[PDB]
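**Student:** model this:
(chains A, B, C and D)
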Amino acid sequence: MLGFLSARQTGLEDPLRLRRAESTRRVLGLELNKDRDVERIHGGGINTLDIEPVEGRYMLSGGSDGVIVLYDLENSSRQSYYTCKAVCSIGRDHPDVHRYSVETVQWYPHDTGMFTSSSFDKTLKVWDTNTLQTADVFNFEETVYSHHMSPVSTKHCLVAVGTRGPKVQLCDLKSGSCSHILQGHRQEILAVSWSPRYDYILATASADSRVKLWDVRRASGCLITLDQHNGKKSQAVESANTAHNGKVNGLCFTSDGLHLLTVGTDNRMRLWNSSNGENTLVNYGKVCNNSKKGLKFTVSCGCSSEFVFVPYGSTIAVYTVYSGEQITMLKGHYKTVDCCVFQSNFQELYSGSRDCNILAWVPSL
Amino acid sequence: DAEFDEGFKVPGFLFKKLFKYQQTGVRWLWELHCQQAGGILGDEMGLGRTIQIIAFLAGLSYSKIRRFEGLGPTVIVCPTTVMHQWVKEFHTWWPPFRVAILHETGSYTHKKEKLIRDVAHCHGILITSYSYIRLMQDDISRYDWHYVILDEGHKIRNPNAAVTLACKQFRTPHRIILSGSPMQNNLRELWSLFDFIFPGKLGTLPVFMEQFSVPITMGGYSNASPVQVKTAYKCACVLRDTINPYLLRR
Amino acid sequence: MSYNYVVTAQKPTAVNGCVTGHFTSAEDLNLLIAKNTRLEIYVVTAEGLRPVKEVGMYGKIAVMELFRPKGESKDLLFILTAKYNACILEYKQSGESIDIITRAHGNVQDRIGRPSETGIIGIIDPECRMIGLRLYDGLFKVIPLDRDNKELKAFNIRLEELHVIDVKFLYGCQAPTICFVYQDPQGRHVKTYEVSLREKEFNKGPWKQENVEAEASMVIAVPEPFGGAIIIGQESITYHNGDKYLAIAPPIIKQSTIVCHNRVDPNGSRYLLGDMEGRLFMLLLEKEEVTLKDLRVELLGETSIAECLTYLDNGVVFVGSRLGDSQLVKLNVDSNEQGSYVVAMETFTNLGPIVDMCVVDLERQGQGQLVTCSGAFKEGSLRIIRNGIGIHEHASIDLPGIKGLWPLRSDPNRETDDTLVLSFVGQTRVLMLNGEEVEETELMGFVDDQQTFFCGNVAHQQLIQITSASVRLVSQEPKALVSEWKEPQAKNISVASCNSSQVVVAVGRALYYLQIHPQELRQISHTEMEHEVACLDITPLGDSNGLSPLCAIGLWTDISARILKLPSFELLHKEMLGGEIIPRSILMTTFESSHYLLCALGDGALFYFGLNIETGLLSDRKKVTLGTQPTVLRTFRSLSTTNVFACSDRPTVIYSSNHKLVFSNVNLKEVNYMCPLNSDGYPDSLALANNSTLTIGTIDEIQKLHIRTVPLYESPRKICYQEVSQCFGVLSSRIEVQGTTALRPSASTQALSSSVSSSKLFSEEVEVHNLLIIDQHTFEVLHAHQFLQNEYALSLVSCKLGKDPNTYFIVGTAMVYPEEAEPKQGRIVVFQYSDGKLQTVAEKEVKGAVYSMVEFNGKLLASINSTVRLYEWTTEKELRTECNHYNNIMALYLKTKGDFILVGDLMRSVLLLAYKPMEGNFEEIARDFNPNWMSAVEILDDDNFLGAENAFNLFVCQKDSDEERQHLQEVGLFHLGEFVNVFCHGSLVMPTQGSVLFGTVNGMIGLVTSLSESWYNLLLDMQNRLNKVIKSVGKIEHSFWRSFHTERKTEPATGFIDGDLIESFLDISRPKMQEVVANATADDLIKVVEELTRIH
DNA sequence: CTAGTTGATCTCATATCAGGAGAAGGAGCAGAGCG
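**Tutor:** Numbers count the residues shown, from 1 in each chain, chains lettered A, B, ... in the order given. The structure is reproduced below:
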């Protein structure tokens, strides 16, 4: 490394090199920090975590018990050891607490003043962070498996919601219009994700093994259906063009938004070109999931090489996105792992699990 | 010429003949085309809804926007009285288009399917009536239409009429309704019109009734409690917001 | 809120990009040079380069390429900025006026995207159908040109290969066809695509993907006769045209990697190839009748380390270097008897990567003087930068103890003074100074037996000589004296004064007025003062009649530069000064506005006044201290106006700029006396005497920063000044190959004495590190101590610790082995330089790299890998730990002010630490929780902390005003566009508070200083006005350019004023100023901006 | 051949106590293994 410092200092390399390379080096060194803890507040498993996109200071966390906890990730104490204390919490006594498991929780991109959370009580509630009161409640006729607000839309403020119904609901937070539906799936929608590149592209994955990308502006159905083989097994599309051979319970666009990673219960992950949904044939090997609900996984950002961190049973498996090489499997949870979220500032990973723990993985040295 | 966002140039002489509101309309229709969504031209009658369509399609063909090299084959469904009116209108305000009439009167004097094929191949503007749409859903819905304008489109206001289903078999996203009154008795009519132009926006019909028609209606009755008045008010505003982009009602 | 003023003391000198073409005219051959933010336009003359225009971009010029669209007369310039401002610039010269009109511009930054590893590539289709930009991984932006935009609307084509090394547009292709090297897991391959602007997507390229060398990093598009491409890798050069595959592995290019290239010909039969070692190769394509027969590489020679090189014409090659001085070389047809064809014609100063610098008050003046570790591997050097007038020493003659100098026109016809007079003790010796030749030949009428207080040319075609005894008015042409006056009591004149018309000479406590008449000397006035005369001046200034009206006097025991009305010797004014020291010189002159008086005391104090022609009353008393020796003031008339010179230990030119009196330094050791001379062989020259010899030369008077160069021939890393020892300690680094062998004689290997570290603690090409002790007068390497094998010296401080009095060179090192990514081992070595030797006084094995050491209140504060610990110097002379601090990722930068320690981190960005002495441990006071990757840090005030993030930004943190009090508040944000390597308190000069210099990778030296709230508000207002008035080259907005920019954040600037933009308020015409100053008057702001420019 | 007329024929739109016997399920609960 001192070579890296000397290269930065002399302008041999752009300073971008040392960031990105050092960021990567940090990611490869992720290790369970016992020099950092997250305060236990969930009585039930953590289904979801979300670090705020601006300033990355606060994390939301949704539990199987229905509570939403709001954690502060900055070490405000002077010690080197700290516990990420829980700022607020939608507890059992809140009048608005969810009744059943919170399945997704998301900071409003663009501003930390409002977050949204959806549950198995069939509601997507929008919250004022400051007063911690709901500002809006959308009711759905079927249990919500995931939602997602666009990380990029300065223009629209749609929330895509996937329920057990076969239809994707778009909920407009600007005047509250929960009527719009995308129709074309056939079984529950286990994962939705807006594109980080394009304002109005949404990808939705369903238990029917199909993943569709939609231009929600468009009035004409899906843009693309991802097909495992790219056409080697080609049929008039009524049942073919499955992304997976099981349920597809996870989606994640890569950072720059040029590829889509889907995980499904055939124990595979695939990487897809998000422009024409073609399959890049990245291998990745066998990725165990048997989650019956959405599997929340992330990608890294701002490294030399992009990584994807996928819950693999009771561990987080780290893979290199574009080559498939499994970097490592981070082993520190006790029960299955439900969600991992990446802190892009410091290359830290937080992962929740059914054992009611949120473990921080920070680079060593 | 007049220029809009991506490549839309409408000829200047044509533009100058238009009014300011008709120009706004042409812009709105093109923005929809960009979204690939449909809309309702709900201008009050006599403002000249047809002129705006002429201008917009003319501009689209002239700009040669990029399957289709500009304006593909298109079908106009209008009430039986006004077919030759539309033919006349295309002929004056833009001679270049071929505007075939599909009717017993017509001008073809052969089998009709040959005419359907002819227009779908040479990329004309097939005018027809709601009846011939109901009666040849098979033939007509086999040719990749580019635009599916319905004039006086309120006739599709019954979601179960045969003509409604036939009109909703067309595949292109560029569906347009020109309807001076896109709602006449109840909102079920509105939902039907939106389900032609934009099949998902207002949800399914049951859900639309449940969420919008019942509350909005109950707020009109004399004996309705004020609470229900306010629910109606809320729902009505939500509905307007939902339908704002896709309805241009001057 | 913080109020900071950033300005450029030295513009960037590193050439990051250069192109040639016909930009200023169809017939001109231009060299366009991009230094980071400056675009420099030259004309390629038959000799050298003639500067024509230098413009300032509001951006780091990332891409810079000339292209000629069809029908265009002359080349247009495409520039892409690091913040992705694209523009197409055309040069329009309208007589004297020169403009750079923006033919198009835009911002092509994608909202999101992984910026490509290899960096911003910008290519232009050889037929100018499109500009291809690779900015992000997996995308390829196309800017059409055939669709003539003014906004540069660009579209992405998705590139199926995500790691693209280099890319070029091929020649002789009906379609725009790109050829790029990309890296996939299966190796590196070269692929081609055809670009369809109509389909806005790629197509199958002419010749399919080919598996190329593993380290292929360069693509060379070869012009039409051959077509194809030449891919340069580390060990091979291969040529592809689709069916042809020439491949060579010239053993000579294996030693270093080829990093730049240039097409010598128009037909691509010859290319220059520059490597990271500084070798220059010529790649030859042998045609066969046309196809390509074979490739040859021949080593032309060596140059500076080239970043970019361009072939101009007639063998003249511009070698633009980021690491060393840029070069203008010649390529000889025949070798130089050393195997080299390269012959350096010219060298352009480049303060290269400034990795460290210090401000030393060398020469014991009141002037700071930067000494910087500039440059790199072969181009490393120490640069000494200072502000002072520079003159050439043309005519020297060594006559001890001069006490007089006067210009005399011995040829009566000419108005040039072709004769020079000098008085030494009791006689006068003259000089013919004929031509450039200097010898002593005697002119009649002047005596070799008496001292001469004055002589010179006077009216009526007469010369005058005032001696210690009596005055002599010679008639020039005919013969010797026909007029003599002497004191009636024959008392020696003690103080004299004279001008072209009259004479005024003091005789003790009384004064005598004489006036000249042709062949006569007439006495008129007389007075009896209280005490003896000290000094006079009677100079006619703005005379316009023939005689001065006024006189000034300094007297003994009543110290006062008083004023006299000339015809009456009467008291117009009597102003005291104080002190027991007699004034030794007094002068009055005009500086652009009116008569001023300049009276000085024997200790360099000097008072400037506003003198009236009617009352001649002294007011506006203000003082300036210049030197310690008694002084003397003699004027020389420049092109522009009167420019007064002060002669003492610190010779200083005196002058007024924009109606503001300036006190410039001259970079000569000492000057006893001065006199103007404008000979036939010497125009407008000076004649400066010292105790030994008579120095002669001329002054440019441009007040430019003078830069000395000490070639080290090895990368300097750190530098500190040990005043007690009169030396600089420099951490140097040289690269050895094999045990090992030096590739060249470095400054370390050429020291007077030497030594190697013999330590008991720890028991291709490698870096050897040395500690150079460098003489602070001669800048010779007094000593070079080599450090252990595989030991990297990182930090270096000079200080004295504890209570012992010795001043130590303390080096913190690390043991670097390739088996690891972060050193586990290192040591703090204490050296003492005494008796020309560098003894090792102490050692301390630490468990990490010692990135930084600051001396902290008698104690050594080192930062080992992630710990900041404080060491104490025990009576036994060893370092003993006192406290540690661990809450750091990497404590890279340490600063100090009192009990407070500012820690710049690798990526946690700043931490305000306090050493509470009462307890003996650190306390984390405040911290900035933003993820800024620091490059340097500084402490401006007790609570303002300047920072530099590696994204070319400056931010100022502030301890706010509960546990939110442990949050530093970023109150200042500013995008510098430069990579700061070092901050340092000091100033290069003799309204603003404090002064922090910084040195950057590009070679900029800038200056941050604190403003008050009122001035900051005013200057921000004018900044907005200038933005509304001044128009930038690529129509970039200044606010956008100075906006804080990071890949995960973007905020507008605040708390920082671009002193460059403000100082640009002078270079605009008066109507534009009035546009600026609509809502106080303009002259107020001109005064303000002048005073602002006074700081650098 | 061509309008005009005329049946069908379709679509669409308009509104508020003296029974008895037996069989099936469920619930309560004793108790017996048994892990």
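
**Student:** drop to CA atoms for contacts and neighbour counts, all remaining ones
**Tutor:** OK.

**Student:** which residues in chain B form helices?
**Tutor:** Per DSSP state H, chain B carries helices over the ranges B:12-17, B:20-35, B:49-63, B:83-93, B:112-122, B:130-135, B:137-140, B:162-167, B:187-197, B:205-208, B:214-218, B:226-243.

**Student:** CA atoms only: put stretch A:195-210 into CSV for me.
**Tutor:** C-alpha atoms of stretch A:195-210 as CSV (Å, rounded to 0.1, in the frame of the first residue of the first chain):
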residue,chain,number,x,y,z
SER,A,195,-33.9,0.8,-11.7
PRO,A,196,-31.2,3.0,-10.3
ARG,A,197,-30.6,4.4,-13.7
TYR,A,198,-33.9,4.9,-15.4
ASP,A,199,-36.6,6.8,-13.7
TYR,A,200,-39.5,4.7,-14.7
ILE,A,201,-38.2,1.2,-15.1
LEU,A,202,-39.3,-1.3,-12.5
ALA,A,203,-38.4,-4.9,-12.3
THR,A,204,-40.7,-7.3,-10.5
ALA,A,205,-40.1,-10.9,-9.6
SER,A,206,-42.7,-13.5,-8.8
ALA,A,207,-43.2,-16.9,-7.6
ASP,A,208,-44.1,-18.0,-11.1
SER,A,209,-40.4,-18.0,-11.9
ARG,A,210,-40.6,-15.0,-14.2
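
**Student:** and for residue 250, the neighbour number?
**Tutor:** Picked chain A for this. 29 (other Cα atoms under 10 Å in any protein chain shown).

**Student:** chain B was what I was after
**Tutor:** Neighbours of residue B:250 using other Cα under 10 Å come to 13.

**Student:** show me the contacts for it.
**Tutor:** Neighbouring residues of residue B:250 by Cα atoms under 8 Å, 6 or more residues apart in numbering or on different chains: B:42, B:43, B:44.

**Student:** and the helices of chain B as a markdown table, adding mean neighbour count and distance to DNA strand D?
**Tutor:** Shown next, in a markdown table, are the helices of chain B (neighbours: other Cα atoms under 10 Å in any protein chain shown; distance: least, Cα to the nearest atom of the strand, whole Å):
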| stretch | mean neighbour count | distance to DNA strand D |
| --- | --- | --- |
| helix B:12-17 | 14 | 35 |
| helix B:20-35 | 18 | 26 |
| helix B:49-63 | 21 | 22 |
| helix B:83-93 | 16 | 15 |
| helix B:112-122 | 16 | 17 |
| helix B:130-135 | 18 | 7 |
| helix B:137-140 | 16 | 12 |
| helix B:162-167 | 20 | 3 |
| helix B:187-197 | 24 | 9 |
| helix B:205-208 | 14 | 16 |
| helix B:214-218 | 18 | 13 |
| helix B:226-243 | 17 | 19 |
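
**Student:** not counting residues beside it along the chain, what's closest to the one residue in chain B that gets nearest to chain A?
**Tutor:** Nearest residue of chain B to chain A (Cα to the nearest Cα) works out as residue B:201 at 4.1 Å. Distance criterion Cα to Cα, 6 or more residues apart in numbering or on different chains; nearest residue to residue B:201, sequence neighbours excluded, is residue A:180 at 4.1 Å.

**Student:** again, but for residue B:242
**Tutor:** With Cα to Cα, 6+ apart, the residue lying closest to residue B:242 is residue A:177, at 6.3 Å.

**Student:** re the thing from before, and the helices of chain B as TSV, adding distance to residue C:1057?
**Tutor:** As requested, the helices of chain B are exported to TSV (distance: least, Cα to Cα, whole Å):
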stretch	distance to residue C:1057
helix B:12-17	49
helix B:20-35	44
helix B:49-63	49
helix B:83-93	60
helix B:112-122	66
helix B:130-135	70
helix B:137-140	69
helix B:162-167	65
helix B:187-197	56
helix B:205-208	59
helix B:214-218	59
helix B:226-243	46
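
**Student:** those helices: which one's closest to residue C:496?
**Tutor:** helix B:12-17 (90.9 Å; Cα to Cα).

**Student:** only alpha carbons, please: show the closest one as PDB.
**Tutor:** Written as PDB, here are the backbone C-alpha positions of helix B:12-17 (Å, rounded to 0.1, in the frame of the first residue of the first chain):
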ATOM      1  CA  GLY B  12     -45.100  25.800 -39.500                       C
ATOM      2  CA  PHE B  13     -48.000  26.600 -41.800                       C
ATOM      3  CA  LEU B  14     -50.000  23.800 -40.200                       C
ATOM      4  CA  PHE B  15     -49.000  25.000 -36.700                       C
ATOM      5  CA  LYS B  16     -50.000  28.600 -37.500                       C
ATOM      6  CA  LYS B  17     -53.400  27.600 -38.600                       C
END
